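Enquirer: The structure follows.
Protein chains: 2
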Amino acid sequence: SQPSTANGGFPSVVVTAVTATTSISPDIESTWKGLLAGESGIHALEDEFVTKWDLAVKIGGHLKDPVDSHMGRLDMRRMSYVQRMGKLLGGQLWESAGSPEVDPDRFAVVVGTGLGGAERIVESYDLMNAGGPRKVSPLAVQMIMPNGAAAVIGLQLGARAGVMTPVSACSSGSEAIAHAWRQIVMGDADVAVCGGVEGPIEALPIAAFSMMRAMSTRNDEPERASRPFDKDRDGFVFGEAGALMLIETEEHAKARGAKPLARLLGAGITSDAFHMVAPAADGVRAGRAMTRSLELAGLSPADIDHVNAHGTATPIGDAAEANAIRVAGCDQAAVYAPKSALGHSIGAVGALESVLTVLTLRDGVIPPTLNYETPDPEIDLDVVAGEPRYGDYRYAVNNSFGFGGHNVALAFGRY
Amino acid sequence: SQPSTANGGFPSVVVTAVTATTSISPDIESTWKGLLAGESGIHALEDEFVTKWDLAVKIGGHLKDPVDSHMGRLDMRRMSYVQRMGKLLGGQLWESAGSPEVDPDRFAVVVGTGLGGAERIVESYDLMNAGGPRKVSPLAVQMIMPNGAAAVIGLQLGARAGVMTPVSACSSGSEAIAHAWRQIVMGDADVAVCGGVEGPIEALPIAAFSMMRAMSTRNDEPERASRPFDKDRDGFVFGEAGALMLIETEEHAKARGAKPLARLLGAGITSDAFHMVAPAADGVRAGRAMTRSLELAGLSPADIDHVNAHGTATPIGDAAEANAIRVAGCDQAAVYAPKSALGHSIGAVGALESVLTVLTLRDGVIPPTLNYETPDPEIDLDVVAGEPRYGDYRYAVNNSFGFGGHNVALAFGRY
Ligand SMILES: C=C/C(C)=C\[C@@]1(C)SC(=O)C(C(C)=O)=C1O
Ligand SMILES: C=C/C(C)=C\[C@@]1(C)SC(=O)C(C(C)=O)=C1O
Ligand SMILES: [K+]
Ligand SMILES: [K+]
Numbered sequence: 009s010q011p012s013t014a015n016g017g018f019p020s021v022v023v024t025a026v027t028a029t030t031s032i033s034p035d036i037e038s039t040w041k042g043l044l045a046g047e048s049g050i051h052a053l054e055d056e057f058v059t060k061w062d063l064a065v066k067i068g069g070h071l072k073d074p075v076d077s078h079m080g081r082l083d084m085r086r087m088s089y090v091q092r093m094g095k096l097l098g099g100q101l102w103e104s105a106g107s108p109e110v111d112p113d114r115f116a117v118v119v120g121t122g123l124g125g126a127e128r129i130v131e132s133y134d135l136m137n138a139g140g141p142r143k144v145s146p147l148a149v150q151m152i153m154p155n156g157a158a159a160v161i162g163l164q165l166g167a168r169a170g171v172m173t174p175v176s177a178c179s180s181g182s183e184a185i186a187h188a189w190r191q192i193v194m195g196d197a198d199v200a201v202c203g204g205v206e207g208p209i210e211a212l213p214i215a216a217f218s219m220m221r222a223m224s225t226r227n228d229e230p231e232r233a234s235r236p237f238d239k240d241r242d243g244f245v246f247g248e249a250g251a252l253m254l255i256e257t258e259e260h261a262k263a264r265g266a267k268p269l270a271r272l273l274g275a276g277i278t279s280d281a282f283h284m285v286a287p288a289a290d291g292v293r294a295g296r297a298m299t300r301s302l303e304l305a306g307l308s309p310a311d312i313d314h315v316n317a318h319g320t321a322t323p324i325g326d327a328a329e330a331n332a333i334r335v336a337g338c339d340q341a342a343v344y345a346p347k348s349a350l351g352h353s354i355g356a357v358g359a360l361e362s363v364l365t366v367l368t369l370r371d372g373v374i375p376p377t378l379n380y381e382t383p384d385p386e387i388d389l390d391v392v393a394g395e396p397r398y399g400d401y402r403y404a405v406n407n408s409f410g411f412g413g414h415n416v417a418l419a420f421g422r423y
Numbered sequence: 009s010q011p012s013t014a015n016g017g018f019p020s021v022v023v024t025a026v027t028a029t030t031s032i033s034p035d036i037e038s039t040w041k042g043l044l045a046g047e048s049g050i051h052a053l054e055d056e057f058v059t060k061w062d063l064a065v066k067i068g069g070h071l072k073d074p075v076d077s078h079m080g081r082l083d084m085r086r087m088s089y090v091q092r093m094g095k096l097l098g099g100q101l102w103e104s105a106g107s108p109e110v111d112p113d114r115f116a117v118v119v120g121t122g123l124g125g126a127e128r129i130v131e132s133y134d135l136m137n138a139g140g141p142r143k144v145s146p147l148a149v150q151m152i153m154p155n156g157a158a159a160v161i162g163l164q165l166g167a168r169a170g171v172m173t174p175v176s177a178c179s180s181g182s183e184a185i186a187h188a189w190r191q192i193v194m195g196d197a198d199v200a201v202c203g204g205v206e207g208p209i210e211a212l213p214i215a216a217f218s219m220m221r222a223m224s225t226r227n228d229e230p231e232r233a234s235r236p237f238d239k240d241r242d243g244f245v246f247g248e249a250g251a252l253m254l255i256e257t258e259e260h261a262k263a264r265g266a267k268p269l270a271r272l273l274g275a276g277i278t279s280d281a282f283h284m285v286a287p288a289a290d291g292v293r294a295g296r297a298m299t300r301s302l303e304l305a306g307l308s309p310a311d312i313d314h315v316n317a318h319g320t321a322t323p324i325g326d327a328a329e330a331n332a333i334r335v336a337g338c339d340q341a342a343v344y345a346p347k348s349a350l351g352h353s354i355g356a357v358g359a360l361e362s363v364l365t366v367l368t369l370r371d372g373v374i375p376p377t378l379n380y381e382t383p384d385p386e387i388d389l390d391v392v393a394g395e396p397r398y399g400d401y402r403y404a405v406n407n408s409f410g411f412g413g414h415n416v417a418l419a420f421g422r423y
């Protein structure tokens, strides 16, 4: 028999703590209460660099509580922003998990980003123009690196069973959590800290994605811009975030008296080999990843109650995902596109949305997909809209796809 | 029983093709013949930016055959350098594997880098200063990304079972190959293309590593600078490279009539949680990764004949590795530090050195570690030096460690 979670071939893995900072709240429990009240993180961009560059996009959500508010001049000298966000979230996640003393040699860290410390390279380059190679920080390598954040958290928490950084543009945060899962079921660790961090809303990425025609420009009503699955959607809206979760074996969780929030049952990674930035319209490979996660969970499509959609709000993006969900045999599920309230955060967002899936399972509730007012004839999904939807959600799949054609599906269970 | 390669718990995985470009040759078979004749890739740096910045480091090895010699104005417009190197090596690796038609849905790509397309971000930033957000390429995202190269190869070769990019500074190229291995033994793929690419010798990384005191400055004799394990070593020397290998199940290899070069038996990833850039002196976690690879191979330390050392040539770097190899129970093995001839290449080097391990097993030979003239009292390793050493090499472990304290060991068998 092929090994699976449900058949006992893989060990039971549970999520036992979660932390996130978003454009609604620095607290995750508060982000959840806000979503269920239909708040939006997205507003008009105040940043003077909008009128400076005369940008087509004039909306997005900054974190409600800026990372650097929790950062002194020391932290500022040795870390990139994404490292700074890493330290913050690590610190908080441990604190919430009752600050346990684990075995360092059974402890992994997996954290993705879209980009890592890119601000720091202009910085090191400008310093060297001004005053030479000696004006460049010894420190620079380890701010500079894309494994920077994972390194910082691993060091800070004392993780000795591997510190990994997968990168896959928009799905990095889910991929991280998949690999942490792989790392645990393969015997390599008993506990893992996983997720994604990502930097703030800057001019350049706005310009780059704008030029793709990927970005909403409904500037007249910022909260109404992000319309995943809606007939009238016009692209994605940026929304700052970072999210980590603590996953451990059920044995281990039971052993230290920690009530699980949910179970992580399986994970599927596949790729499109279609196009450098656009998803395969047929949605076959993305659907395949949904299947893989079920194969490994030990589940059939009939068990999936809820799908936390990637839902970026682009015309082709959502059409593709819709096809994928059919292909996976999952269109009879209640769908949520959190990106309609929280926007899109590249490396972090997959992780944040995995946190949301877990909360959905714990609380038996799906927040409304905001701005869902006209069903797309071509989509035909059961998209949760209007108010929150309470329901008997036993199993859920979190989708995460990213430019390059990268597909990550995480299958989760109610505990 | 815990699953292992040797006990049949994991499927037999073989390396069936290899390709690399290095500072000795664009051909790998030629790099191998050159090493065994004790050639060095390292020379005086001709690049005018040395006298410009008055750099302490005036040596390193550029590729013998510049990637962009194989690149036209199209390729130059849509890809970062690391993507360009990716396309080249992918193209060649397939060609050598007899250009087989595989099942796209059983086919993965795992390729690490240290940095990815960093040149491109100054480029996009400078273009936007000159002429606005509209002067920024739609294309920019997918040059910019650190998954850029893996994406390009996956697309070019048609890999539909995942395209992954691990980053862990200096060990990315080995980590990639570990995960490709994990991807295959876990049922997710039957064949995988894996390795690492990395950009050329630039001013900034020279400055950053110089400021660490990590870099040799034996400028008077460029070929004699890189002295891994030698009493007189003074740091690492840069040496450009990129390397991929094709790994598949033995079943699959047999099925298409492809003679294997070697077997990939297992892989161990662990982390130091010691320091942001320096390795743990005790070498316990690095040694642990060596052990993990043997646990999964189904081997004992007594089976390891050859260790392809990370051997960067830094005082603390090598001392640490020496401790790790004792800890793993492997100090009775013949050791090779290819970095003494080929230098260090951050994201690529782990992959190149894994290619070298495979060739060592196929050809029953270890090239001489160059510049090994005075054994360090504190090291006590059997370092191959002087001429090549022919021997009965049944199993070998390739070590790869990187800043952040990342440890990757790959265990390989003779076929
Ligand atoms: C396989 C999926 C690919 C290549 C792209 C997606 C759907 S993911 C994403 O985040 C996004 C946008 C527009 O941001 C996409 O258009
Ligand atoms: C766990 C290993 C760490 C943190 C560092 C090493 C030994 S790896 C490497 O490539 C290197 C140098 C100086 O380049 C190191 O000093
Ligand atoms: K999602
Ligand atoms: K090595």
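In order, the protein sequence lines correspond to chains Z and H. Quick note on numbering: the first sequence equals residues 9 to 423 in the numbering used here. Quick note on numbering: the second sequence equals residues 9 to 423 in the numbering used here. All residues carry an ideal CB built from backbone N, CA and C; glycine is no exception.
1. Does the beta-carbon distance from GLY49(H) to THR30(H) come in below 8 Å?
2. How about residue 441(H) and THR121(H): are their beta carbons less than 8 Å apart?
3. As a quick exercise: from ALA289(H), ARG296(H), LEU307(H) and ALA341(H), pick the residue whose alpha carbon is nearest that of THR322(H).
4. Between which residues of its own chain and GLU381(H) is the CB-CB distance below 7 Å, once the five residues before and five after are set aside?
5. If we count the other Cβ atoms within 10 Å of its Cβ and call it buried at 16 or more, is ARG81(H) buried or exposed?
6. Name the residue from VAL199(Z), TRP189(Z) and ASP326(Z) whose alpha carbon lies nearest to the alpha carbon of residue 425(Z).
7. Is the beta carbon of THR320(Z) within less than 7 Å of some heavy atom of ligand 1?
8. State yes or no: is the C-beta of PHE244(H) nearer than 7 Å to some heavy atom of ligand 6?
9. Quick check: what's the CA-CA separation for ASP196(Z) versus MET172(Z)?
10. In or out: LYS347(H) buried (at least 16 other Cβ within 10 Å) or exposed?
11. I want to check one thing, is the minimum distance from the CB of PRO287(Z) to the heavy atoms of ligand 1 below 7 Å?
12. Thinking C-alpha only, which one of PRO375(Z), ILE209(Z) and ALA158(Z) is nearest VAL392(Z)?
13. Listed in chain order, which residues of the region 126-145 of chain H have Cβ atoms closer than 8 Å to some Cβ of chain Z?
14. Could you list the residues in the region 238-256 of chain Z with a C-beta less than 7 Å from some C-beta on chain H, going in chain order?
15. Using 8 Å as the Cβ pair cut-off and three pairs as the minimum, do the region 312-327 of chain Z and the region 225-240 of chain Z touch?
16. Pull up the distance between the alpha-carbon of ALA45(Z) and that of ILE32(Z), whole angstroms please.
17. With burial defined as no fewer than 16 other Cβ atoms inside 10 Å of the residue's Cβ, what is the status of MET253(H): buried or exposed?
18. Under three-state DSSP, which class holds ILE255(H)?
19. What residue from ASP76(H), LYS72(H), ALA52(H) and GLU56(H) has the CA that sits closest to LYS66(H)'s CA?
20. Would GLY265(Z) be called buried (16 or more neighbouring beta carbons within 10 Å of its own) or exposed?
21. In angstroms with no decimal places, state the Cα-to-Cα distance between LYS262(Z) and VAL26(Z).
22. Give, in chain order, every unbroken run of the beta strand (DSSP E) that is at least 3 residues long and sits entirely within the region 97-121 of chain Z.
23. Taking Cβ positions only, does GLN150(Z) come closer than 8 Å to chain H?
24. Nearest chain Z C-beta to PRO375(H) closer than 8 Å, yes or no?
25. Since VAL21(Z) meets chain H, which of its residues come closer than 7 Å, beta carbon to beta carbon?
26. What span of residues does the beta strand (DSSP E) with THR59(H) cover, start to end?
27. Where does the unbroken alpha helix (DSSP H) through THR322(H) begin, and where does it stop?
28. I'd like to know if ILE333(H) contacts chain Z, where contact means its C-beta is closer than 8 Å to some C-beta of that chain.
29. Within 7 Å: the Cβ of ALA167(Z) and any heavy atom of ligand 2?
30. Looking at chain Z, is there any beta carbon in it that lies within less than 8 Å of the beta carbon of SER408(H)?
31. Could you spell out where the alpha helix (DSSP H) holding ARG128(Z) opens and where it closes?
32. Assuming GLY94(Z) contacts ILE161(Z) under a Cβ cut-off of 8 Å, what Cβ separation, rounded to an integer in Å, is found between them?
33. Name, in chain order, the residues that DSSP records as bridge partners for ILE277(Z).
34. Would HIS352(Z) pass as a contact of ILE209(Z) if the rule is Cβ separation under 8 Å?
35. I'd like to check one pair, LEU418(H) with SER180(H): are the Cβ atoms closer than 8 Å?
36. Using DSSP bridges, identify the partner residues of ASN406(Z).
Expert: Judging by the given coordinates:
1. yes
2. The structure shown does not extend to residue 441(H), since chain H spans only 9 to 423, so no value can be given for it.
3. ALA289(H)
4. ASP238
5. exposed
6. Only positions 9 to 423 of chain Z appear in the structure, and residue 425(Z) is not among them; the question remains open.
7. yes
8. Looking at this structure, you won't find ligand 6 anywhere; what it does contain is ligand 1, ligand 2, ligand 3 and ligand 4.
9. 13 Å
10. buried
11. yes
12. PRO375(Z)
13. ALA126, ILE129, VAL130, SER132, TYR133, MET136, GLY140, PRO141, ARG142, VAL144 and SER145
14. none
15. yes
16. 11 Å
17. buried
18. strand
19. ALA52(H)
20. exposed
21. 17 Å
22. 115-120
23. yes
24. no
25. Near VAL21(Z) there are no residues of chain H at all, since even the closest Cβ is about 15 Å away, more than 7 Å.
26. First-last for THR59(H): 57-60, but that is the alpha helix (DSSP H), not the beta strand (DSSP E).
27. Note, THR322(H): premise wrong, no alpha helix (DSSP H); not H, not E.
28. no
29. no
30. no
31. 127-139
32. 5 Å
33. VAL416(Z)
34. no
35. no
36. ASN316(Z) and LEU418(Z)
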